[PDB]
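Beneath this line is the structure, given in structure tokens, with notes to follow.
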Amino acid sequence: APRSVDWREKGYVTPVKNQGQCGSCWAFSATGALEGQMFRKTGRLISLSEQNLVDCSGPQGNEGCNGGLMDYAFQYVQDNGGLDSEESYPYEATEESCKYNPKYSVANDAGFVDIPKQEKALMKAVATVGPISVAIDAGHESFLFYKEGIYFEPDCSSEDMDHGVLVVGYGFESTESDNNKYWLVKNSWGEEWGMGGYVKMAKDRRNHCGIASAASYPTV
Ligand SMILES: *[C@@H](O)[C@H](CCCC)NC(=O)[C@H](CC(C)C)NC(=O)OCc1ccccc1
């Protein structure tokens, strides 16, 4: 596979969003992966509605601001036959009743693909598919204050993930410890967090923070 990948340079990635004070990271991760796959198909990048997922995908197993899973979001889009655009169904950071309107649907999927729980398989998916939805252990102060460089947290769990984000690429840079590889990860905490809202997470360091443990993408 390539040494470096960045799907932002290919037009697959919308700007960084802000989930606010709602536990809806899973919906931002899901819309990010579907934005990328929709773009691959149609050549048009259209920001999608996280609020649509938060309000409406309970029957697939999601729980709104109390948490969810990207795969359930992808299942909702398939079962529901659509997903509204961000502009038509904007984000309010609180769970409300469902207001989906098929007239404003701009995305569809036909299911999803779960990636084997190995960073080698995640790397192949990122290299060939597009941005990939992943779950990480983000429950550490070091993650809140991240600004620059490759993020590595010795106390990160590879098993107990609590935060959905979006791998948009991977790369390398020289470091003091010669652990030089990273995943390029889009977060949903606004652009003031991290590096314009992105983090470089340690790659090929024993599945650091569980990034390869629950990776998937929608089939469009
Ligand atoms: C990130 O904004 C949220 C915060 C959840 C607590 C308020 N994290 C998640 O939703 C997290 C993401 C996965 C690890 C991909 N999942 C989660 O909290 O799941 C709990 C849950 C499981 C199944 C069904 C409903 C809720």
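Identifiers in this document derive from the order of the structure tokens: chains are assigned A, B, ..., residues are numbered from 1 separately in each chain, and ligands are numbered from 1 in order of occurrence.
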Contacts of range 52-54 of chain A at 12 Å or less, counting only C-alpha atoms, minus same-chain residues fewer than 5 places along, as a PDB file with C-alpha atoms, in the first residue's frame?
```pdb
ATOM      1  CA  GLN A  19     -20.841  17.937  18.093  1.00  0.00           C
ATOM      2  CA  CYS A  22     -24.030  15.784  23.054  1.00  0.00           C
ATOM      3  CA  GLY A  23     -22.731  12.202  22.827  1.00  0.00           C
ATOM      4  CA  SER A  24     -23.235  12.084  19.069  1.00  0.00           C
ATOM      5  CA  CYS A  25     -19.666  11.417  17.885  1.00  0.00           C
ATOM      6  CA  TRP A  26     -20.908   8.209  16.221  1.00  0.00           C
ATOM      7  CA  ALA A  27     -23.204  10.264  13.958  1.00  0.00           C
ATOM      8  CA  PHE A  28     -20.352  12.600  12.907  1.00  0.00           C
ATOM      9  CA  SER A  29     -18.121   9.620  12.170  1.00  0.00           C
ATOM     10  CA  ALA A  30     -20.896   8.003  10.143  1.00  0.00           C
ATOM     11  CA  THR A  31     -21.759  11.121   8.127  1.00  0.00           C
ATOM     12  CA  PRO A  59     -34.715   1.550  15.817  1.00  0.00           C
ATOM     13  CA  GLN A  60     -31.331   0.447  14.496  1.00  0.00           C
ATOM     14  CA  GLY A  61     -29.988   0.534  18.080  1.00  0.00           C
ATOM     15  CA  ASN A  62     -28.646   4.060  18.468  1.00  0.00           C
ATOM     16  CA  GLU A  63     -29.398   6.140  21.547  1.00  0.00           C
ATOM     17  CA  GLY A  64     -29.105   9.721  20.403  1.00  0.00           C
ATOM     18  CA  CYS A  65     -26.954  11.908  22.627  1.00  0.00           C
ATOM     19  CA  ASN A  66     -26.374   8.920  24.917  1.00  0.00           C
ATOM     20  CA  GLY A  67     -24.304   7.111  22.292  1.00  0.00           C
ATOM     21  CA  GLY A  68     -24.513   4.988  19.190  1.00  0.00           C
ATOM     22  CA  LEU A  69     -22.557   3.119  16.558  1.00  0.00           C
ATOM     23  CA  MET A  70     -21.598   4.006  13.015  1.00  0.00           C
ATOM     24  CA  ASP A  71     -22.787   0.615  11.710  1.00  0.00           C
ATOM     25  CA  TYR A  72     -26.255   1.300  13.121  1.00  0.00           C
ATOM     26  CA  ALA A  73     -26.217   4.665  11.356  1.00  0.00           C
ATOM     27  CA  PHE A  74     -25.317   2.993   8.051  1.00  0.00           C
ATOM     28  CA  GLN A  75     -28.104   0.465   8.663  1.00  0.00           C
ATOM     29  CA  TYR A  76     -30.557   3.333   9.246  1.00  0.00           C
ATOM     30  CA  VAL A  77     -29.644   5.009   5.962  1.00  0.00           C
ATOM     31  CA  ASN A  80     -34.748   4.397   5.744  1.00  0.00           C
ATOM     32  CA  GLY A  82     -32.119   8.106   2.566  1.00  0.00           C
ATOM     33  CA  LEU A  83     -30.475  10.736   4.734  1.00  0.00           C
ATOM     34  CA  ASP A  84     -31.082  14.477   4.647  1.00  0.00           C
ATOM     35  CA  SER A  85     -28.426  17.084   3.975  1.00  0.00           C
ATOM     36  CA  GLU A  86     -26.870  19.105   6.783  1.00  0.00           C
ATOM     37  CA  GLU A  87     -28.333  22.278   5.302  1.00  0.00           C
ATOM     38  CA  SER A  88     -31.873  20.849   5.295  1.00  0.00           C
ATOM     39  CA  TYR A  89     -31.734  19.217   8.757  1.00  0.00           C
ATOM     40  CA  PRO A  90     -29.194  21.188  10.773  1.00  0.00           C
ATOM     41  CA  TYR A  91     -27.491  20.150  13.961  1.00  0.00           C
ATOM     42  CA  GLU A  92     -28.956  21.137  17.319  1.00  0.00           C
ATOM     43  CA  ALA A  93     -26.861  19.016  19.769  1.00  0.00           C
ATOM     44  CA  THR A  94     -29.978  17.653  21.484  1.00  0.00           C
ATOM     45  CA  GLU A  95     -32.190  14.655  20.712  1.00  0.00           C
ATOM     46  CA  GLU A  96     -35.616  15.519  19.242  1.00  0.00           C
ATOM     47  CA  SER A  97     -38.348  13.632  17.435  1.00  0.00           C
ATOM     48  CA  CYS A  98     -37.553  12.515  13.885  1.00  0.00           C
ATOM     49  CA  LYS A  99     -38.064  15.121  11.131  1.00  0.00           C
ATOM     50  CA  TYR A 100     -36.638  13.206   8.167  1.00  0.00           C
ATOM     51  CA  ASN A 101     -38.043  14.400   4.836  1.00  0.00           C
ATOM     52  CA  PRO A 102     -37.245  12.189   1.824  1.00  0.00           C
ATOM     53  CA  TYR A 104     -34.262  16.513   0.999  1.00  0.00           C
ATOM     54  CA  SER A 105     -32.391  13.203   1.046  1.00  0.00           C
ATOM     55  CA  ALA A 107     -27.341  10.145   0.365  1.00  0.00           C
TER      56      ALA A 107
END
```
Extract, using only C-alpha atoms, all DNA, RNA and protein residues at most 8 Å from residue 119 in chain A, discarding same-chain residues fewer than 4 positions from it, and format them as an MDAnalysis selection string. chainID A and resid 123 203:204 207 211:212
Keeping only N, CA, C and O atoms, take the residues you just selected and write them out as a PDB file, in the first residue's frame.
```pdb
ATOM      1  N   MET A 123      -5.278  -0.181   7.081  1.00  0.00           N
ATOM      2  CA  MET A 123      -4.459   0.570   6.134  1.00  0.00           C
ATOM      3  C   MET A 123      -4.882   0.297   4.691  1.00  0.00           C
ATOM      4  O   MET A 123      -4.984   1.227   3.883  1.00  0.00           O
ATOM      5  N   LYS A 203       0.233   5.018  14.691  1.00  0.00           N
ATOM      6  CA  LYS A 203      -0.055   3.912  13.794  1.00  0.00           C
ATOM      7  C   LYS A 203       0.999   2.817  13.919  1.00  0.00           C
ATOM      8  O   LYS A 203       2.204   3.086  14.055  1.00  0.00           O
ATOM      9  N   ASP A 204       0.506   1.583  13.880  1.00  0.00           N
ATOM     10  CA  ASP A 204       1.319   0.380  13.992  1.00  0.00           C
ATOM     11  C   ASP A 204       2.051   0.345  15.325  1.00  0.00           C
ATOM     12  O   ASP A 204       3.185  -0.126  15.425  1.00  0.00           O
ATOM     13  N   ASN A 207      -2.191  -1.377  17.849  1.00  0.00           N
ATOM     14  CA  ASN A 207      -3.585  -0.941  17.727  1.00  0.00           C
ATOM     15  C   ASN A 207      -3.906   0.105  18.798  1.00  0.00           C
ATOM     16  O   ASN A 207      -4.804  -0.034  19.636  1.00  0.00           O
ATOM     17  N   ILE A 211      -7.960   1.783  17.453  1.00  0.00           N
ATOM     18  CA  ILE A 211      -8.409   2.432  16.228  1.00  0.00           C
ATOM     19  C   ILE A 211      -8.790   1.431  15.149  1.00  0.00           C
ATOM     20  O   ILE A 211      -9.582   1.753  14.253  1.00  0.00           O
ATOM     21  N   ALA A 212      -8.216   0.229  15.171  1.00  0.00           N
ATOM     22  CA  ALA A 212      -8.588  -0.782  14.192  1.00  0.00           C
ATOM     23  C   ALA A 212      -9.644  -1.757  14.704  1.00  0.00           C
ATOM     24  O   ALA A 212      -9.961  -2.719  14.002  1.00  0.00           O
TER      25      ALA A 212
END
```
Using only C-alpha atoms and all ligand atoms, which of the listed residues (A:79, A:162, A:35, A:109) sits closest to ligand 1?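 Ranking A:79, A:162, A:35, A:109 by distance to ligand 1, first place goes to A:162.
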Give me the residues near range 130-141 of chain A as a list in words, where near means some atom within 6 Å (using only C-alpha atoms) and where sequence neighbours in that chain fewer than 3 positions away do not count. residues 29, 33, 126, 144, 161, 162, 163, 164, 165, 166, 167, 168, 209, 210, 211, 214, 215, 216 and 217 of chain A
Keeping only C-alpha atoms, write the selected residues to a file as a PDB file, in the first residue's frame.
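This is the output file selection_30.pdb:
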```pdb
ATOM      1  CA  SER A  29     -18.121   9.620  12.170  1.00  0.00           C
ATOM      2  CA  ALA A  33     -17.675   8.105   5.981  1.00  0.00           C
ATOM      3  CA  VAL A 126      -7.991   3.621   3.865  1.00  0.00           C
ATOM      4  CA  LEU A 144      -8.261  16.950  25.219  1.00  0.00           C
ATOM      5  CA  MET A 161     -13.463   2.561  22.926  1.00  0.00           C
ATOM      6  CA  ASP A 162     -15.688   5.534  23.773  1.00  0.00           C
ATOM      7  CA  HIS A 163     -15.496   7.909  20.770  1.00  0.00           C
ATOM      8  CA  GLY A 164     -16.238   7.649  17.055  1.00  0.00           C
ATOM      9  CA  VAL A 165     -14.013   9.516  14.589  1.00  0.00           C
ATOM     10  CA  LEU A 166     -12.963   9.407  10.914  1.00  0.00           C
ATOM     11  CA  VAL A 167      -9.669   8.197   9.458  1.00  0.00           C
ATOM     12  CA  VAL A 168      -9.024  10.310   6.351  1.00  0.00           C
ATOM     13  CA  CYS A 209      -6.442   3.393  21.386  1.00  0.00           C
ATOM     14  CA  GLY A 210      -8.299   0.609  19.549  1.00  0.00           C
ATOM     15  CA  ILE A 211      -8.409   2.432  16.228  1.00  0.00           C
ATOM     16  CA  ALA A 214     -14.370  -1.210  15.193  1.00  0.00           C
ATOM     17  CA  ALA A 215     -13.655   0.177  11.717  1.00  0.00           C
ATOM     18  CA  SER A 216     -16.243   0.168   8.951  1.00  0.00           C
ATOM     19  CA  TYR A 217     -17.546   2.048   5.940  1.00  0.00           C
TER      20      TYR A 217
END
```
So which bits of range 15-200 of chain A end up strand (DSSP E) when you DSSP the backbone, as a VMD selection string? chain A and resid 83 to 84 105 to 107 112 to 114 132 to 136 150 to 151 163 to 172 181 to 186 198 to 200
Measuring atom to atom with only C-alpha atoms, identify which of A:220, A:48, A:143, A:149 is nearest to residue 174 in chain A. A:149
So which residues of range 62-112 of chain A fall under helix (DSSP H, G or I) by DSSP, listed as a PyMOL selection string? chain A and resi 64-66+70-80+102-104
Selected residues, N, CA, C and O atoms, written as an mmCIF file, in the first residue's frame, please.
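The resulting file, selection28.cif, is reproduced below:
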```cif
data_model
loop_
_atom_site.group_PDB
_atom_site.id
_atom_site.type_symbol
_atom_site.label_atom_id
_atom_site.label_comp_id
_atom_site.auth_asym_id
_atom_site.auth_seq_id
_atom_site.Cartn_x
_atom_site.Cartn_y
_atom_site.Cartn_z
ATOM 1 N N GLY A 64 -29.102 8.271 20.430
ATOM 2 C CA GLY A 64 -29.105 9.721 20.403
ATOM 3 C C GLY A 64 -27.861 10.305 21.040
ATOM 4 O O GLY A 64 -26.734 9.942 20.699
ATOM 5 N N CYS A 65 -28.066 11.262 21.947
ATOM 6 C CA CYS A 65 -26.954 11.908 22.627
ATOM 7 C C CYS A 65 -26.328 11.016 23.682
ATOM 8 O O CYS A 65 -25.273 11.370 24.224
ATOM 9 N N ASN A 66 -26.927 9.865 23.963
ATOM 10 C CA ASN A 66 -26.374 8.920 24.917
ATOM 11 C C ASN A 66 -25.514 7.852 24.261
ATOM 12 O O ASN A 66 -25.048 6.942 24.944
ATOM 13 N N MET A 70 -21.555 3.643 14.424
ATOM 14 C CA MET A 70 -21.598 4.006 13.015
ATOM 15 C C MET A 70 -22.329 2.954 12.192
ATOM 16 O O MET A 70 -23.125 3.303 11.316
ATOM 17 N N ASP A 71 -22.108 1.665 12.474
ATOM 18 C CA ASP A 71 -22.787 0.615 11.710
ATOM 19 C C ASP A 71 -24.310 0.725 11.805
ATOM 20 O O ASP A 71 -25.031 0.450 10.834
ATOM 21 N N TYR A 72 -24.823 1.090 12.977
ATOM 22 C CA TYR A 72 -26.255 1.300 13.121
ATOM 23 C C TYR A 72 -26.720 2.477 12.278
ATOM 24 O O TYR A 72 -27.827 2.470 11.728
ATOM 25 N N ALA A 73 -25.900 3.526 12.207
ATOM 26 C CA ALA A 73 -26.217 4.665 11.356
ATOM 27 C C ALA A 73 -26.288 4.252 9.887
ATOM 28 O O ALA A 73 -27.205 4.652 9.162
ATOM 29 N N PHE A 74 -25.313 3.459 9.429
ATOM 30 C CA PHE A 74 -25.317 2.993 8.051
ATOM 31 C C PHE A 74 -26.541 2.125 7.785
ATOM 32 O O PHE A 74 -27.152 2.198 6.709
ATOM 33 N N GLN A 75 -26.909 1.292 8.766
ATOM 34 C CA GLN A 75 -28.104 0.465 8.663
ATOM 35 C C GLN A 75 -29.360 1.313 8.553
ATOM 36 O O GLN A 75 -30.296 0.944 7.832
ATOM 37 N N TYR A 76 -29.429 2.411 9.330
ATOM 38 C CA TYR A 76 -30.557 3.333 9.246
ATOM 39 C C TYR A 76 -30.691 3.909 7.843
ATOM 40 O O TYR A 76 -31.786 3.938 7.272
ATOM 41 N N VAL A 77 -29.582 4.385 7.279
ATOM 42 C CA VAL A 77 -29.644 5.009 5.962
ATOM 43 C C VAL A 77 -30.165 4.015 4.933
ATOM 44 O O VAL A 77 -30.961 4.372 4.057
ATOM 45 N N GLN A 78 -29.741 2.750 5.030
ATOM 46 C CA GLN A 78 -30.226 1.710 4.124
ATOM 47 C C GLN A 78 -31.711 1.445 4.330
ATOM 48 O O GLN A 78 -32.506 1.511 3.381
ATOM 49 N N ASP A 79 -32.094 1.132 5.580
ATOM 50 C CA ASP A 79 -33.481 0.824 5.910
ATOM 51 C C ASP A 79 -34.393 1.999 5.597
ATOM 52 O O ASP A 79 -35.547 1.818 5.187
ATOM 53 N N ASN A 80 -33.922 3.209 5.875
ATOM 54 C CA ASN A 80 -34.748 4.397 5.744
ATOM 55 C C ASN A 80 -34.871 4.839 4.302
ATOM 56 O O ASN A 80 -35.796 5.587 3.975
ATOM 57 N N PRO A 102 -37.928 12.779 2.985
ATOM 58 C CA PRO A 102 -37.245 12.189 1.824
ATOM 59 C C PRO A 102 -36.997 13.169 0.694
ATOM 60 O O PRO A 102 -36.055 12.956 -0.078
ATOM 61 N N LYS A 103 -37.774 14.246 0.569
ATOM 62 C CA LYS A 103 -37.510 15.189 -0.513
ATOM 63 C C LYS A 103 -36.103 15.764 -0.420
ATOM 64 O O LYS A 103 -35.480 16.066 -1.447
ATOM 65 N N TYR A 104 -35.575 15.913 0.790
ATOM 66 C CA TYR A 104 -34.262 16.513 0.999
ATOM 67 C C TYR A 104 -33.160 15.481 1.206
ATOM 68 O O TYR A 104 -32.040 15.839 1.611
#
```
Measuring atom to atom with only C-alpha atoms and all ligand atoms, identify which of A:187, A:142, A:14, A:47 is nearest to ligand 1.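 Among the listed residues, the smallest separation from ligand 1 belongs to A:187.
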Which residue, A:127, A:184, A:122, A:199, has the smallest gap to residue 2 in chain A when you use only C-alpha atoms?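 Result for the nearest residue to residue 2 in chain A: A:127.
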Smallest atom-to-atom distance to ligand 1: which of A:120, A:206, A:58, A:172, using only C-alpha atoms and all ligand atoms? A:58
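Proximity to ligand 1 was assessed for A:39, A:189, A:151, A:170 counting only C-alpha atoms and all ligand atoms; the smallest distance is recorded for A:189.
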